[PDB]
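J.: The following file, my_file.cif, comprises mmCIF, C-alpha atoms:
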```cif
data_data
#
loop_
_atom_site.group_PDB
_atom_site.id
_atom_site.type_symbol
_atom_site.label_atom_id
_atom_site.label_comp_id
_atom_site.auth_asym_id
_atom_site.auth_seq_id
_atom_site.Cartn_x
_atom_site.Cartn_y
_atom_site.Cartn_z
ATOM 1 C CA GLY X 1 -68.902 -3.307 -18.984
ATOM 2 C CA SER X 2 -67.742 0.305 -19.145
ATOM 3 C CA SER X 3 -68.081 2.741 -16.243
ATOM 4 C CA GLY X 4 -66.475 2.067 -12.875
ATOM 5 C CA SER X 5 -67.012 3.229 -9.301
ATOM 6 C CA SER X 6 -65.949 -0.039 -7.670
ATOM 7 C CA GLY X 7 -67.218 -0.693 -4.157
ATOM 8 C CA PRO X 8 -71.028 -0.424 -4.139
ATOM 9 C CA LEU X 9 -73.403 -3.191 -5.222
ATOM 10 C CA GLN X 10 -74.728 -3.231 -8.788
ATOM 11 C CA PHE X 11 -76.259 -5.507 -11.423
ATOM 12 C CA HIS X 12 -74.260 -8.224 -13.184
ATOM 13 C CA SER X 13 -73.740 -8.495 -16.942
ATOM 14 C CA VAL X 14 -75.766 -11.714 -16.962
ATOM 15 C CA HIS X 15 -79.434 -10.835 -17.454
ATOM 16 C CA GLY X 16 -82.597 -12.089 -19.128
ATOM 17 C CA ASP X 17 -82.930 -11.893 -22.904
ATOM 18 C CA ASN X 18 -85.125 -8.799 -22.618
ATOM 19 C CA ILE X 19 -83.277 -7.034 -19.803
ATOM 20 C CA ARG X 20 -81.593 -3.649 -20.219
ATOM 21 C CA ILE X 21 -79.354 -2.796 -17.265
ATOM 22 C CA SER X 22 -77.941 0.712 -17.668
ATOM 23 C CA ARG X 23 -78.300 3.995 -15.780
ATOM 24 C CA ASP X 24 -76.455 7.127 -14.662
ATOM 25 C CA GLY X 25 -75.402 5.127 -11.618
ATOM 26 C CA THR X 26 -76.994 1.686 -11.427
ATOM 27 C CA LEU X 27 -80.430 0.415 -12.448
ATOM 28 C CA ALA X 28 -82.073 -2.518 -14.227
ATOM 29 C CA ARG X 29 -85.042 -2.012 -16.550
ATOM 30 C CA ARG X 30 -86.917 -4.327 -18.915
ATOM 31 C CA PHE X 31 -86.541 -3.884 -22.675
ATOM 32 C CA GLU X 32 -89.575 -5.759 -23.996
ATOM 33 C CA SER X 33 -91.435 -9.076 -24.099
ATOM 34 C CA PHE X 34 -92.725 -10.777 -20.951
ATOM 35 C CA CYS X 35 -90.807 -13.962 -20.149
ATOM 36 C CA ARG X 36 -87.027 -14.139 -19.766
ATOM 37 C CA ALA X 37 -86.142 -11.548 -17.126
ATOM 38 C CA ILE X 38 -83.620 -12.932 -14.638
ATOM 39 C CA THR X 39 -80.853 -10.943 -12.949
ATOM 40 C CA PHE X 40 -77.981 -11.643 -10.557
ATOM 41 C CA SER X 41 -75.555 -9.736 -8.333
ATOM 42 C CA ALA X 42 -72.537 -7.954 -9.810
ATOM 43 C CA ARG X 43 -70.335 -8.879 -6.851
ATOM 44 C CA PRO X 44 -70.402 -11.589 -4.149
ATOM 45 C CA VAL X 45 -72.136 -10.280 -1.027
ATOM 46 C CA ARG X 46 -71.315 -11.472 2.488
ATOM 47 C CA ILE X 47 -73.729 -13.149 4.903
ATOM 48 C CA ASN X 48 -74.338 -10.147 7.157
ATOM 49 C CA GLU X 49 -73.931 -8.013 4.034
ATOM 50 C CA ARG X 50 -77.296 -6.255 3.808
ATOM 51 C CA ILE X 51 -78.707 -5.567 0.343
ATOM 52 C CA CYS X 52 -81.279 -2.973 -0.714
ATOM 53 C CA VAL X 53 -83.279 -2.521 -3.917
ATOM 54 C CA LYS X 54 -85.598 0.393 -4.693
ATOM 55 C CA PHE X 55 -88.504 -0.408 -7.011
ATOM 56 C CA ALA X 56 -87.956 2.181 -9.744
ATOM 57 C CA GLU X 57 -90.565 0.915 -12.205
ATOM 58 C CA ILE X 58 -93.556 -1.336 -11.539
ATOM 59 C CA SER X 59 -95.951 -3.181 -13.847
ATOM 60 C CA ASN X 60 -99.659 -3.150 -12.999
ATOM 61 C CA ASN X 61 -101.377 -5.301 -15.625
ATOM 62 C CA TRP X 62 -99.469 -8.562 -16.074
ATOM 63 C CA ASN X 63 -99.973 -11.671 -13.941
ATOM 64 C CA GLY X 64 -97.699 -13.254 -11.353
ATOM 65 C CA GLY X 65 -94.904 -11.745 -9.295
ATOM 66 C CA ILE X 66 -91.161 -11.381 -8.778
ATOM 67 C CA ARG X 67 -88.592 -13.632 -7.109
ATOM 68 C CA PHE X 68 -85.519 -13.080 -4.934
ATOM 69 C CA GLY X 69 -82.964 -15.427 -3.404
ATOM 70 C CA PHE X 70 -79.359 -16.617 -3.405
ATOM 71 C CA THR X 71 -77.156 -18.962 -5.435
ATOM 72 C CA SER X 72 -73.873 -20.881 -5.352
ATOM 73 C CA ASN X 73 -72.567 -20.842 -8.925
ATOM 74 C CA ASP X 74 -71.038 -17.670 -10.362
ATOM 75 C CA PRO X 75 -73.194 -15.194 -12.331
ATOM 76 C CA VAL X 76 -70.535 -15.082 -15.048
ATOM 77 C CA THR X 77 -71.096 -18.764 -15.817
ATOM 78 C CA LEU X 78 -74.752 -17.996 -16.532
ATOM 79 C CA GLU X 79 -74.315 -15.004 -18.840
ATOM 80 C CA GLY X 80 -75.838 -15.698 -22.242
ATOM 81 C CA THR X 81 -76.899 -19.060 -20.833
ATOM 82 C CA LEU X 82 -80.053 -18.665 -18.744
ATOM 83 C CA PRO X 83 -83.344 -20.620 -18.754
ATOM 84 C CA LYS X 84 -86.795 -19.297 -19.653
ATOM 85 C CA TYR X 85 -87.914 -18.805 -16.051
ATOM 86 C CA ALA X 86 -86.435 -18.636 -12.551
ATOM 87 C CA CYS X 87 -87.987 -21.963 -11.556
ATOM 88 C CA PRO X 88 -88.227 -24.719 -11.072
ATOM 89 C CA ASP X 89 -85.072 -24.435 -13.177
ATOM 90 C CA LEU X 90 -83.347 -21.739 -11.120
ATOM 91 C CA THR X 91 -84.160 -23.385 -7.787
ATOM 92 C CA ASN X 92 -84.157 -27.185 -7.922
ATOM 93 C CA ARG X 93 -80.515 -27.025 -9.010
ATOM 94 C CA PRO X 94 -77.835 -27.734 -6.372
ATOM 95 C CA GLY X 95 -77.029 -24.469 -4.622
ATOM 96 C CA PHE X 96 -79.931 -22.276 -5.708
ATOM 97 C CA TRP X 97 -82.542 -20.482 -3.604
ATOM 98 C CA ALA X 98 -85.465 -18.252 -4.573
ATOM 99 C CA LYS X 99 -88.597 -16.862 -2.921
ATOM 100 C CA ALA X 100 -91.590 -14.711 -3.866
ATOM 101 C CA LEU X 101 -92.834 -11.495 -2.262
ATOM 102 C CA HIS X 102 -96.367 -10.568 -1.200
ATOM 103 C CA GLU X 103 -98.502 -8.183 -3.257
ATOM 104 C CA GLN X 104 -98.810 -5.816 -0.295
ATOM 105 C CA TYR X 105 -95.102 -5.069 -0.694
ATOM 106 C CA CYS X 106 -95.185 -4.895 -4.492
ATOM 107 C CA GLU X 107 -95.537 -1.152 -5.074
ATOM 108 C CA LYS X 108 -93.445 1.693 -6.487
ATOM 109 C CA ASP X 109 -91.061 3.948 -4.563
ATOM 110 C CA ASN X 110 -90.574 1.083 -2.108
ATOM 111 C CA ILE X 111 -87.174 0.040 -0.761
ATOM 112 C CA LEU X 112 -86.864 -3.751 -0.744
ATOM 113 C CA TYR X 113 -83.954 -4.848 1.445
ATOM 114 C CA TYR X 114 -82.978 -8.321 2.647
ATOM 115 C CA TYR X 115 -79.994 -10.167 4.113
ATOM 116 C CA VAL X 116 -78.922 -13.432 5.745
ATOM 117 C CA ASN X 117 -77.536 -14.409 9.149
ATOM 118 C CA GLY X 118 -74.985 -17.030 10.147
ATOM 119 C CA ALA X 119 -77.841 -19.502 10.536
ATOM 120 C CA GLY X 120 -78.493 -19.668 6.804
ATOM 121 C CA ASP X 121 -81.632 -17.646 7.485
ATOM 122 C CA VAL X 122 -82.573 -14.966 4.956
ATOM 123 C CA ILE X 123 -84.593 -12.073 6.371
ATOM 124 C CA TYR X 124 -86.222 -9.371 4.248
ATOM 125 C CA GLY X 125 -87.923 -6.067 5.002
ATOM 126 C CA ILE X 126 -89.624 -3.056 3.438
ATOM 127 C CA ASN X 127 -89.362 0.625 4.358
ATOM 128 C CA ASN X 128 -86.731 -0.202 6.978
ATOM 129 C CA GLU X 129 -89.012 -2.839 8.500
ATOM 130 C CA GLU X 130 -87.867 -6.463 8.647
ATOM 131 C CA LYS X 131 -90.464 -9.209 8.213
ATOM 132 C CA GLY X 132 -88.508 -12.237 9.389
ATOM 133 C CA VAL X 133 -86.960 -15.395 7.959
ATOM 134 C CA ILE X 134 -88.604 -15.943 4.575
ATOM 135 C CA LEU X 135 -85.928 -18.118 2.971
ATOM 136 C CA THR X 136 -83.608 -20.738 4.460
ATOM 137 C CA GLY X 137 -81.129 -23.426 3.457
ATOM 138 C CA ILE X 138 -78.451 -20.874 2.605
ATOM 139 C CA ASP X 139 -74.896 -22.047 3.272
ATOM 140 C CA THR X 140 -72.248 -19.767 4.774
ATOM 141 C CA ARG X 141 -68.969 -21.484 3.908
ATOM 142 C CA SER X 142 -67.981 -20.260 0.444
ATOM 143 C CA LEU X 143 -68.804 -17.186 -1.640
ATOM 144 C CA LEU X 144 -72.442 -16.422 -2.447
ATOM 145 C CA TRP X 145 -74.430 -14.421 -4.998
ATOM 146 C CA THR X 146 -77.915 -12.898 -5.042
ATOM 147 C CA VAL X 147 -80.649 -13.465 -7.624
ATOM 148 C CA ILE X 148 -83.701 -11.468 -8.698
ATOM 149 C CA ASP X 149 -86.253 -12.047 -11.458
ATOM 150 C CA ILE X 150 -88.406 -9.227 -12.827
ATOM 151 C CA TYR X 151 -91.505 -10.796 -14.374
ATOM 152 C CA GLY X 152 -94.915 -9.809 -13.045
ATOM 153 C CA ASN X 153 -95.492 -6.946 -10.620
ATOM 154 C CA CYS X 154 -92.220 -5.166 -11.390
ATOM 155 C CA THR X 155 -90.388 -3.619 -14.344
ATOM 156 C CA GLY X 156 -87.425 -1.565 -13.173
ATOM 157 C CA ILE X 157 -85.222 -2.129 -10.135
ATOM 158 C CA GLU X 158 -82.348 -0.055 -8.754
ATOM 159 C CA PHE X 159 -79.888 -1.507 -6.242
ATOM 160 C CA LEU X 160 -79.066 0.825 -3.350
ATOM 161 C CA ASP X 161 -76.095 0.903 -0.977
ATOM 162 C CA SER X 162 -77.124 -0.522 2.397
ATOM 163 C CA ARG X 163 -74.084 1.291 3.786
ATOM 164 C CA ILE X 164 -75.945 4.546 3.147
ATOM 165 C CA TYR X 165 -79.102 3.455 4.963
ATOM 166 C CA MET X 166 -78.135 0.916 7.625
ATOM 167 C CA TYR X 167 -75.407 1.694 10.159
ATOM 168 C CA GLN X 168 -75.509 -0.836 12.996
#
```
Could you take the file, read its structure, and then write that structure out as structure tokens?

T.:
Amino acid sequence: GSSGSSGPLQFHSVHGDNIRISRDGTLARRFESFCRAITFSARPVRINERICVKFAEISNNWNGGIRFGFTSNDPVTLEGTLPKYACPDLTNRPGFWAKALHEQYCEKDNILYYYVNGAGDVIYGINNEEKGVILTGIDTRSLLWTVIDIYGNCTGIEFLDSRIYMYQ
């Protein structure tokens, strides 16, 4: 709610119990606790639509890692109604995808970007360096939304505009 600047990609109202999403422009930071820390996309991104996320804050003490994927249902139908974790709950369900990232790419000041092709293949990359198809099974018929859980080696995350970086 509040603010504006329609166009760019930002965080959706729906967020974990202990998730404070608010910044001068757009950023998602944790409030407290450990569990309950799921987040979705503010607007429906397209297949080729590339997404970027700069790791603002990182946690180096807890155990586990983060998760990133796509979904079918709308993020508005999940607001104030999310599970305790991002899986198997947020995954086994019909039309839900999620994957984990390596520890080598779990640092601060790192730009985590990832997209999907017409072959339902999701490819990610760090520091403008793709890694390949990490997630699959993504449909390309109807709208789609992204998903990201911050619980482990990450605290704050700021979504960037791929339009500013990418060009091709």

J.: Step by step, work through what the PyMOL selection byres ((chain X and resi 14-20) around 10) selects in the shown file, and finish by giving those residues as a PyMOL selection string.

T.: chain X and resi 11-13+21-23+27-42+75-85+148-150+155-156

J.: What residues come out when you apply the PyMOL selection byres ((chain X and resi 125-134) around 12) to this file, written as a tab-separated table (two decimals) with C-alpha atoms, in the coordinates of the input?

T.:
```tsv
chain	number	residue	atom	x	y	z
X	50	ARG	CA	-77.30	-6.26	3.81
X	51	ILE	CA	-78.71	-5.57	0.34
X	52	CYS	CA	-81.28	-2.97	-0.71
X	53	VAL	CA	-83.28	-2.52	-3.92
X	54	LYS	CA	-85.60	0.39	-4.69
X	55	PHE	CA	-88.50	-0.41	-7.01
X	67	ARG	CA	-88.59	-13.63	-7.11
X	68	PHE	CA	-85.52	-13.08	-4.93
X	69	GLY	CA	-82.96	-15.43	-3.40
X	97	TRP	CA	-82.54	-20.48	-3.60
X	98	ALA	CA	-85.46	-18.25	-4.57
X	99	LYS	CA	-88.60	-16.86	-2.92
X	100	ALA	CA	-91.59	-14.71	-3.87
X	101	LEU	CA	-92.83	-11.50	-2.26
X	102	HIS	CA	-96.37	-10.57	-1.20
X	104	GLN	CA	-98.81	-5.82	-0.30
X	105	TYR	CA	-95.10	-5.07	-0.69
X	106	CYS	CA	-95.18	-4.89	-4.49
X	107	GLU	CA	-95.54	-1.15	-5.07
X	108	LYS	CA	-93.44	1.69	-6.49
X	109	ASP	CA	-91.06	3.95	-4.56
X	110	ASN	CA	-90.57	1.08	-2.11
X	111	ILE	CA	-87.17	0.04	-0.76
X	112	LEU	CA	-86.86	-3.75	-0.74
X	113	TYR	CA	-83.95	-4.85	1.44
X	114	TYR	CA	-82.98	-8.32	2.65
X	115	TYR	CA	-79.99	-10.17	4.11
X	116	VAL	CA	-78.92	-13.43	5.74
X	117	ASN	CA	-77.54	-14.41	9.15
X	119	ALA	CA	-77.84	-19.50	10.54
X	120	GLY	CA	-78.49	-19.67	6.80
X	121	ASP	CA	-81.63	-17.65	7.48
X	122	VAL	CA	-82.57	-14.97	4.96
X	123	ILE	CA	-84.59	-12.07	6.37
X	124	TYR	CA	-86.22	-9.37	4.25
X	135	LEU	CA	-85.93	-18.12	2.97
X	136	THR	CA	-83.61	-20.74	4.46
X	137	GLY	CA	-81.13	-23.43	3.46
X	138	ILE	CA	-78.45	-20.87	2.60
X	162	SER	CA	-77.12	-0.52	2.40
X	165	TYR	CA	-79.10	3.46	4.96
X	166	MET	CA	-78.14	0.92	7.62
X	167	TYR	CA	-75.41	1.69	10.16
```

J.: Which residues fall under the PyMOL selection byres ((chain X and resi 145) around 8) in this file, as a ChimeraX atom specification?

T.: /X:40-41,43-45,70-75,143-144,146-147

J.: Calculated over only C-alpha atoms, which of the candidates X:152, X:1, X:94, X:8 has the smallest distance to residue 65 (chain X)?

T.: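 The closest residue to residue 65 (chain X) is X:152.
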
J.: My list of candidates is X:153, X:168, X:47, X:140. Which is closest to residue 95 (chain X) when distances are computed with only C-alpha atoms?

T.: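 Nearest to residue 95 (chain X): X:140.
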
J.: Pick out the closest residue to residue 157 (chain X) from this set: X:60, X:5, X:66, X:46. Count all atoms listed in the file.

T.: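 Comparing X:60, X:5, X:66, X:46 against residue 157 (chain X), the winner is X:66.
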
J.: What's the separation between CA of residue 48 (chain X) and CA of residue 164 (chain X), in Å to one decimal place?

T.: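 Between these atoms lies a distance of 15.3 Å.
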
J.: Which value, in Å to one decimal, gives the distance between CA of residue 58 (chain X) and CA of residue 154 (chain X)?

T.: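 Interatomic distance, CA of residue 58 (chain X) to CA of residue 154 (chain X): 4.1 Å.
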
J.: Just add N, CA and C atoms to region 44-75 of chain X and send it as an mmCIF file, keeping the file's coordinate frame.

T.:
```
data_model
loop_
_atom_site.group_PDB
_atom_site.id
_atom_site.type_symbol
_atom_site.label_atom_id
_atom_site.label_comp_id
_atom_site.auth_asym_id
_atom_site.auth_seq_id
_atom_site.Cartn_x
_atom_site.Cartn_y
_atom_site.Cartn_z
ATOM 1 N N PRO X 44 -70.027 -10.667 -5.226
ATOM 2 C CA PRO X 44 -70.402 -11.589 -4.149
ATOM 3 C C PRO X 44 -70.596 -10.876 -2.815
ATOM 4 N N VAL X 45 -71.819 -10.921 -2.298
ATOM 5 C CA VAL X 45 -72.136 -10.280 -1.027
ATOM 6 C C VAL X 45 -71.907 -11.232 0.140
ATOM 7 N N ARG X 46 -71.563 -10.672 1.296
ATOM 8 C CA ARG X 46 -71.315 -11.472 2.488
ATOM 9 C C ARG X 46 -72.624 -11.814 3.196
ATOM 10 N N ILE X 47 -72.550 -12.734 4.152
ATOM 11 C CA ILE X 47 -73.729 -13.149 4.903
ATOM 12 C C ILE X 47 -74.436 -11.949 5.523
ATOM 13 N N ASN X 48 -73.773 -11.310 6.483
ATOM 14 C CA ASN X 48 -74.338 -10.147 7.157
ATOM 15 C C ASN X 48 -74.537 -8.994 6.177
ATOM 16 N N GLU X 49 -73.831 -9.053 5.052
ATOM 17 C CA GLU X 49 -73.931 -8.013 4.034
ATOM 18 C C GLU X 49 -75.387 -7.757 3.658
ATOM 19 N N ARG X 50 -75.914 -6.618 4.097
ATOM 20 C CA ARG X 50 -77.296 -6.255 3.808
ATOM 21 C C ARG X 50 -77.421 -5.664 2.407
ATOM 22 N N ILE X 51 -78.472 -6.059 1.695
ATOM 23 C CA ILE X 51 -78.707 -5.567 0.343
ATOM 24 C C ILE X 51 -80.041 -4.835 0.249
ATOM 25 N N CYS X 52 -80.065 -3.763 -0.536
ATOM 26 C CA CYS X 52 -81.279 -2.973 -0.714
ATOM 27 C C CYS X 52 -81.576 -2.759 -2.194
ATOM 28 N N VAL X 53 -82.861 -2.719 -2.535
ATOM 29 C CA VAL X 53 -83.279 -2.521 -3.917
ATOM 30 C C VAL X 53 -84.557 -1.694 -3.992
ATOM 31 N N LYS X 54 -84.450 -0.497 -4.557
ATOM 32 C CA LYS X 54 -85.598 0.393 -4.693
ATOM 33 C C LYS X 54 -86.359 0.105 -5.982
ATOM 34 N N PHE X 55 -87.663 -0.121 -5.856
ATOM 35 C CA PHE X 55 -88.504 -0.408 -7.011
ATOM 36 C C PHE X 55 -88.714 0.845 -7.855
ATOM 37 N N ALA X 56 -87.864 1.024 -8.861
ATOM 38 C CA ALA X 56 -87.956 2.181 -9.744
ATOM 39 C C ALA X 56 -89.234 2.136 -10.574
ATOM 40 N N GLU X 57 -89.387 1.076 -11.361
ATOM 41 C CA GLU X 57 -90.565 0.915 -12.205
ATOM 42 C C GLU X 57 -91.361 -0.322 -11.800
ATOM 43 N N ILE X 58 -92.683 -0.225 -11.895
ATOM 44 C CA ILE X 58 -93.556 -1.336 -11.539
ATOM 45 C C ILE X 58 -94.620 -1.563 -12.609
ATOM 46 N N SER X 59 -94.950 -2.828 -12.846
ATOM 47 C CA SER X 59 -95.951 -3.181 -13.847
ATOM 48 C C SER X 59 -97.269 -3.570 -13.182
ATOM 49 N N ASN X 60 -98.340 -2.879 -13.559
ATOM 50 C CA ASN X 60 -99.659 -3.150 -12.999
ATOM 51 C C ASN X 60 -100.640 -3.558 -14.094
ATOM 52 N N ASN X 61 -100.503 -4.788 -14.576
ATOM 53 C CA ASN X 61 -101.377 -5.301 -15.625
ATOM 54 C C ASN X 61 -101.120 -6.786 -15.870
ATOM 55 N N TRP X 62 -99.848 -7.171 -15.853
ATOM 56 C CA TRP X 62 -99.469 -8.562 -16.074
ATOM 57 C C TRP X 62 -99.931 -9.441 -14.917
ATOM 58 N N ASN X 63 -99.592 -10.724 -14.983
ATOM 59 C CA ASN X 63 -99.973 -11.671 -13.941
ATOM 60 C C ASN X 63 -98.741 -12.333 -13.330
ATOM 61 N N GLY X 64 -98.813 -12.623 -12.034
ATOM 62 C CA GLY X 64 -97.699 -13.254 -11.353
ATOM 63 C C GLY X 64 -96.964 -12.299 -10.434
ATOM 64 N N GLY X 65 -95.696 -12.594 -10.165
ATOM 65 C CA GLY X 65 -94.904 -11.745 -9.295
ATOM 66 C C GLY X 65 -93.415 -11.893 -9.539
ATOM 67 N N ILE X 66 -92.612 -11.312 -8.654
ATOM 68 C CA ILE X 66 -91.161 -11.381 -8.778
ATOM 69 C C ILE X 66 -90.580 -12.440 -7.848
ATOM 70 N N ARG X 67 -89.270 -12.647 -7.942
ATOM 71 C CA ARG X 67 -88.592 -13.632 -7.109
ATOM 72 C C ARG X 67 -87.219 -13.122 -6.674
ATOM 73 N N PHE X 68 -86.810 -13.499 -5.468
ATOM 74 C CA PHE X 68 -85.519 -13.080 -4.934
ATOM 75 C C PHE X 68 -84.925 -14.161 -4.036
ATOM 76 N N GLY X 69 -83.631 -14.417 -4.205
ATOM 77 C CA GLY X 69 -82.964 -15.427 -3.404
ATOM 78 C C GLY X 69 -81.458 -15.395 -3.568
ATOM 79 N N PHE X 70 -80.809 -16.521 -3.290
ATOM 80 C CA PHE X 70 -79.359 -16.617 -3.405
ATOM 81 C C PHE X 70 -78.961 -17.787 -4.301
ATOM 82 N N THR X 71 -77.667 -17.892 -4.588
ATOM 83 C CA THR X 71 -77.156 -18.962 -5.435
ATOM 84 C C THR X 71 -75.730 -19.337 -5.047
ATOM 85 N N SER X 72 -75.224 -20.415 -5.639
ATOM 86 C CA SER X 72 -73.873 -20.881 -5.352
ATOM 87 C C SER X 72 -72.943 -20.608 -6.531
ATOM 88 N N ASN X 73 -73.361 -21.037 -7.717
ATOM 89 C CA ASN X 73 -72.567 -20.842 -8.925
ATOM 90 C C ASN X 73 -72.348 -19.356 -9.196
ATOM 91 N N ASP X 74 -71.351 -19.052 -10.020
ATOM 92 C CA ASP X 74 -71.038 -17.670 -10.362
ATOM 93 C C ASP X 74 -71.987 -17.148 -11.437
ATOM 94 N N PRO X 75 -72.295 -15.844 -11.372
ATOM 95 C CA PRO X 75 -73.194 -15.194 -12.331
ATOM 96 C C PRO X 75 -72.575 -15.080 -13.720
#
```
